Amino acid sequence: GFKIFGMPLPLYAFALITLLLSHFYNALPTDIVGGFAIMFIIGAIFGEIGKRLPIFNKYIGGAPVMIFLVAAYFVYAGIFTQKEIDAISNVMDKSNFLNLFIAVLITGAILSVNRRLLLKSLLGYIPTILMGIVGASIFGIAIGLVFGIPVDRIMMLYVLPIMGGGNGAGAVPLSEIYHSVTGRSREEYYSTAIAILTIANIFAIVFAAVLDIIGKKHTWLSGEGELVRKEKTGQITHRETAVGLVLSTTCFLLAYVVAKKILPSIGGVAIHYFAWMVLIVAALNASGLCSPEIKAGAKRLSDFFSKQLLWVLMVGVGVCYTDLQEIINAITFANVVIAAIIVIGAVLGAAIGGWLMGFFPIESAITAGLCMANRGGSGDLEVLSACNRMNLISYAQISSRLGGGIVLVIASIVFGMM
Amino acid sequence: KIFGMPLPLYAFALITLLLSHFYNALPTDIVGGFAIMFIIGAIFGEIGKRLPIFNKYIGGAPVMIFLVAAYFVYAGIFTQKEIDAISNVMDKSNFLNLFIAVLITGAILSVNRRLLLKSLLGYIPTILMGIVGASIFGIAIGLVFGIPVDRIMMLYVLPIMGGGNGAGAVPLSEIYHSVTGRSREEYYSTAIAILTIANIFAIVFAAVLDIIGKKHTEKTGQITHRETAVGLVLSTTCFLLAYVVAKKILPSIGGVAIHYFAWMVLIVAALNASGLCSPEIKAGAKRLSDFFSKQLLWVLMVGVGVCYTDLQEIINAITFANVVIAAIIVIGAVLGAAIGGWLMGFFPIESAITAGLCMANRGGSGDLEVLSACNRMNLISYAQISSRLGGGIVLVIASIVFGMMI
Ligand SMILES: CCCCCCCCO[C@@H]1O[C@H](CO)[C@@H](O)[C@H](O)[C@H]1O
Ligand code: NA
Ligand code: NA
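Residues numbered from 1 in each chain as written, not as in the entry; some residues may be left out. Chains lettered and ligands numbered in written order. Heavy atoms only, no water. Residues with missing side-chain atoms left out of burial classes, pairs and counts.

This entry lists X-ray crystallography as its structure determination method and reports a resolution of 3.76 Å.

Undergrad: Kindly report on the overall build of chain A, identifying the contributing residues and their values.
TA: In terms of regular secondary structure, chain A is built from 17 helices and 2 strands. In terms of overall size, chain A behaves like a compact globule, its C-alpha atoms giving a radius of gyration of 21 Å where 418 residues would be expected to give roughly 22 Å. Overall size of chain A, expressed as C-alpha extent along the three principal axes, is 60 × 55 × 50 Å. (Helix = DSSP H or I, 4+ residues; strand = E, 2+ residues; numbered from the N terminus. Rg over C-alpha atoms; globule rule 2.2 N^0.38 Å.)

Undergrad: Describe the packing of helix 1 (residues 7–22) of chain B against helix 2 (residues 30–50) of chain B, and please don't skip the residues or the numbers.
TA: All names here are of chain B. Remark: helix 1 packs on helix 2, axes separated minimally by 10 Å, with the N-to-C direction vectors making an angle of 120 degrees. One finds that helix 1 runs oblique with respect to helix 2. Between helix 1 and helix 2 the crossing geometry is left-handed. Between helix 1 and helix 2, the contacting residues are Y10, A13, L14 and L17 on the first element and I36, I39, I40, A42 and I43 on the second. Grouping the constituent residues of the contact of helix 1 with helix 2 by class yields 9 nonpolar, no polar and no charged. (Axes fitted to C-alpha atoms, helices over the stretch in contact; angles between N-to-C directions. Parallel < 35°, antiparallel > 145°, perpendicular 65-115°, else oblique. Left-handed = near helix turned anticlockwise from the far one by under 90°. Contact = heavy atoms within 4.5 Å. Nonpolar A, V, L, I, M, F, W, Y, C, P; charged D, E, K, R; others polar.)

Undergrad: Explain the coordination of the sodium ion (ligand 3) to me, and be specific about the residues and the numbers.
TA: Within the protein, the atoms that donate to the sodium ion (ligand 3) are B:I160 (O), B:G162 (O), B:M359 (O) and B:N361 (O), at distances of 2.0 to 2.5 Å. Of the two residues examined, B:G162 and B:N361, each falls in the buried class. (Donors = N, O, S within 2.8 Å, 3.2 Å for Na, K, Ca; no water. Buried < 20%, exposed > 50% of the residue type's maximum accessible area, 1.4 Å probe, protein only.)

Undergrad: Any chance you could break down the UniProt feature "binding site: citrate" in chain A for me, citing the residues and the numbers?
TA: Residues and elements named next belong to chain A. Taking the UniProt record as the reference, the feature "binding site: citrate" is found at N167, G168, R375, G377, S378 and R401. Of note, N167 is situated in helix 8 (residues 166–181). Classification of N167 as partly exposed rests on a relative accessible area of 22%. The contact partners of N167, leaving out residues within four places of it in the chain, are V172, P173, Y190, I194 and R375. By the secondary structure assignment, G168 is in helix 8. (UniProt positions renumbered as here; feature names shortened; annotations may be inferred.)

Undergrad: Describe the coordination of the sodium ion (ligand 2), with residues and values.
TA: Within the protein, A:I162 (O), A:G164 (O), A:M372 (O) and A:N374 (O) serve as the donor atoms for the sodium ion (ligand 2), at 2.1 to 2.7 Å. Take A:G164: its relative accessible area is 1%, and that puts it in the buried class.

Undergrad: Now, about the pattern of salt bridges: what can you tell me, with residues and values included?
TA: All names here are of chain B. Taken as a whole, this structure holds 15 salt bridges over all chains when the rule is applied. The residue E174 makes a salt bridge to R184 at a minimum N-O spacing of 3.2 Å. Of this pair, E174 sits in helix 9 (residues 164–179) while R184 sits in helix 10 (residues 184–215), placing them 10 residues apart in sequence. You can call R184 buried: its relative accessible area is 16%. (Salt bridge = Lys/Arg side-chain N within 4 Å of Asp/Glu carboxyl O.)

Undergrad: Any details on the packing of helix 16 (residues 376–386) of chain A against helix 17 (residues 393–417) of chain A? Residues and values, ideally.
TA: Residue and element names in this part refer to chain A. Across the interface, helix 16 lies against helix 17 with an axial gap of 9 Å and an inter-helix angle of 145 degrees. When you trace helix 16 past helix 17, the crossing you get is right-handed. From helix 16, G376, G377, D380, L381 and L384 reach across to helix 17, where they touch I393, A396, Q397, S400 and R401. For the contact of helix 16 with helix 17, the per-class residue count stands at 4 nonpolar, 4 polar and 2 charged.

Undergrad: With reference to specific residues and values, describe the site of ligand 1.
TA: Residue and element names in this part refer to chain A. Residues in contact with ligand 1, as listed here, are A109, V113, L122, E226, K230, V278, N391, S394 and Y395. Contact distances for ligand 1 include 3.2 Å between an oxygen atom and a side-chain N or O atom of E226. Between ligand 1 and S394 there is a distance of 3.0 Å, counted from an oxygen atom to a side-chain nitrogen or oxygen. In the complex, 90% of the free accessible area of ligand 1, which totals 510 Å², lies under the protein chains. (Near = heavy atom within 4 Å. Polar contact = N/O pair within 3.5 Å; in protein donor to acceptor, adjacent residues only side chain to side chain. Areas by Shrake-Rupley, 256 points an atom, 1.4 Å probe, with all protein chains shown as cover.)

Undergrad: Pulling in residues and values, what's your account of the side chain of B:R184?
TA: Within polar-contact distance, the side chain of B:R184 engages the side chain of B:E174 at 3.2 Å. Each residue touching B:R184, except ones within four places of it in the same chain, is listed here: B:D91, B:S173, B:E174, B:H177 and B:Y308.

Undergrad: I'd like a description of the UniProt feature "binding site: Na(+)" in chain B, backed by residues and values.
TA: Residue and element names in this part refer to chain B. Following the UniProt record, one finds the feature "binding site: Na(+)" at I160, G162, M359 and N361. Tracing the backbone shows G162 in the loop between helix 8 (149–161) and helix 9. With a relative accessible area of 1%, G162 lands in the buried category. Not counting residues up to four positions away in its chain, the partners in contact with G162 are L195, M359, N361 and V394. Among the secondary structure elements, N361 is positioned in the loop between helix 16 (348–360) and helix 17 (363–373).

Undergrad: Please set out helix 8 of chain A residue by residue, giving values where relevant.
TA: All names here are of chain A. Looking only at helix 8, the buried set comprises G166, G170, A171, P173, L174, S175, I177 and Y178. The elements touched by buried residues of helix 8 are helix 7 (151–163), helix 9 (186–217), helix 16 and helix 17. Two residues or fewer after helix 8 comes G183, characterised by a positive phi angle close to 105 degrees.

Undergrad: Help me get a handle on the nonpolar core, residues and values and all.
TA: Of all hydrophobic cores here, the largest spans 302 residues; its most connected members are A:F97, A:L313, A:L370, A:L381 and B:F95. When sequence neighbours within four positions are dropped, the list of residues in contact with A:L381 reads A:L98, A:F101, A:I102, A:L105, A:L313, A:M314, A:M390 and A:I393. (Core = buried A, V, L, I, M, F, W, Y, C linked by side-chain atoms within 4.5 Å.)

Undergrad: I'd like a rundown of the interface of chain A and chain B, residues and numbers included.
TA: Across the boundary between the two partners, chain A contributes 60 residues, which contact 58 residues of chain B. Taking both sides of the interface into account, the surface hidden between chain A and chain B amounts to around 5,600 Å²; carbon and sulfur atoms contribute 79%. Here chain A is connected to chain B by 0 salt bridges. Joining chain A to chain B, the criterion identifies 12 residue pairs in polar contact. Where the side of chain A that touches chain B is concerned, the elements lending two or more residues are strand 2 (7–8), helix 1 (9–24), helix 2 (32–52), helix 4 (82–94), helix 5 (97–112), helix 10 (238–262), helix 11 (273–287) and helix 12 (292–320) of chain A. Among the elements that make up the side of chain A that touches chain B, the one with the highest residue count is helix 10 of chain A (18 residues). Class assignment of the residues belonging to the side of chain A that touches chain B gives a composition of 39 nonpolar, 14 polar and 7 charged. (Buried area = accessible area lost by both parts, 1.4 Å probe.)

Next comes the structure, spelled out in structure tokens:
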């Protein structure tokens, strides 16, 4: 009766048996039901394992990472069946659980805070991001020349893609800007960019847990899950929580309709729909259209995802947004080192910047540093789960989305300069 | 407030819906889907909830959304994209099964180990007796109207005895499509219509049996999200096992093919009796089922009205023939459960209400409608055994019936 996943070993065995029956008989619906079934079980076991591996389990960050890495190794080693990969992929992409997840988090995180606090951060945050970029560039250029690599490459094939807001946000559009300005094939760029950015993404998740340990070892640096130094609710029901779900989706829809047809770009920046959402939700908070009861509902919902479904999510993240074969194709000692150091440049860059802006250095280096250099949205979840600061999702998204859009403007200029 | 959202807030959402609508910008995925489904379901849910005649016997809040939604597809009110988004949630993502899976699990695990085991020996047989009587009378009156027996079982008997909209119409269409291959909407539209007619007769005879009756005289506390989350694990994992069983291990017990949902009922029921789940977890599954049945039910109907309903066919099968056939099947259940219960040691009137009318009624909403018509509201617990477990039994029987026919 020693529990796995709040399920006693006997009960878990029943499920683990079922998983294996589906696995060996090759019978599985490639849908939500089939997906969650597998994801829950697989996540559960490796979650616990990673939670209790001695060296491997350090801080809180051991459990989310295990599932993620393990799951990727299952795809790479072909342990998953094609139908299983399809089922998981169907939940993450075709059904689009990923966005929902982030949407729920953002909504719940923003609707919990006071209206007075809101605008106070945003003004000091963006500069911190730029500080992180400077540091990411300064260190990149520095290490580039150590390896005898021209600076242009460092900015175009190393720095910019890493800091860029992920696969869809950076690799996809940075190859577009590359082709528009150079004329050389997108694949030539993308293939190198996507590969290297994923390497850095793995370092980002590692250093996230390292900064966690350094934060709890040197309390002066850490805010213990809070970036800024600095109505009570009645009883809650399912309906309030359910309303949280309505608001989570409907806010994403509005943001989507805005970024597609109404206000696709404010200026030189194209605003990614998630960025709009943050502004919409924040606006919705200040408008106070949501009563405290409902505002809690959104929080409560966010908890259910971030604490129950987080393990599930990682199984999906390790499958879809981590091609271990493309990494291998660019694991020359050189890239591994260059990439890692650029991340460290972002860490120190955002640490110093935030410290100057009034935020806690550890949190600043995570939100404005590692969350830039990670693989955008999928990455943010991977990083924030490694340092147990999942409540900063909203900030992480500002860097990955708005900060990613900034990378594009900078990129265009860099490309033009050559 | 609309759907627990104050009118100002709901407006914000309703505005957004219309922006997505007019601008034709909508992700054809879960997020986009639920966004629309929540909002649309919310308004028409309230509308159908406020309507006087319609709420009490027409099914009300759910029926509004499911009919309205169908009219939106038929009248082309929805955009291709919007239909795609909703369909993407219901089929490609397969929310429908998850929904049913969660319900089944929560409904079966909520029955106490003793209640379940004890109920099987006496109450459960009475239910089966009611079904026999419901079938025998149905078949009998079918031929009187020159109706083939297969129709009597598939389009009349089974759907009536099946517990409700979510529990019978929704999954019986699923089993119908999985075994015949014909559209769900063809079945659903006829089934949902007939079953509601019978539901109205059930509430009438409940008051008639009341007059005839008077004329002829371990419960745990600390449930957390994890427990509820475990409910979700068990809901899916139990469906997976059932799926693996139907597809390779035991696709058919004999010449008859057991549909995976039927297996699930047996698996979950087994899991209950095995007591592998502690009361805390067993509640978690219940709580989950509540969240779906009470929050996401409105959403579900928006989806059901889009994919699972054709208006012409459904409008057409409103024939006086149905009125009579349906009523008599109910009477067959009454006499079936009356005789059975009398043989089992229960009072015939009470047996015919709980194991008879509560089967033929519209699942849970129905039980409340029936038990309030005969003042026997204290038998809610029994009524729900019929609507939930007995409904799950109807599914196993239904698979066998379908297989035998084809
Ligand atoms: C104008 C800027 C609007 C977006 C602000 C996003 C930050 C709100 O985010 C919230 O802030 C809290 C206070 O730091 C944290 O405790 C919460 O975990 C975090 O989610
Ligand atoms: Na990045
Ligand atoms: Na019924």
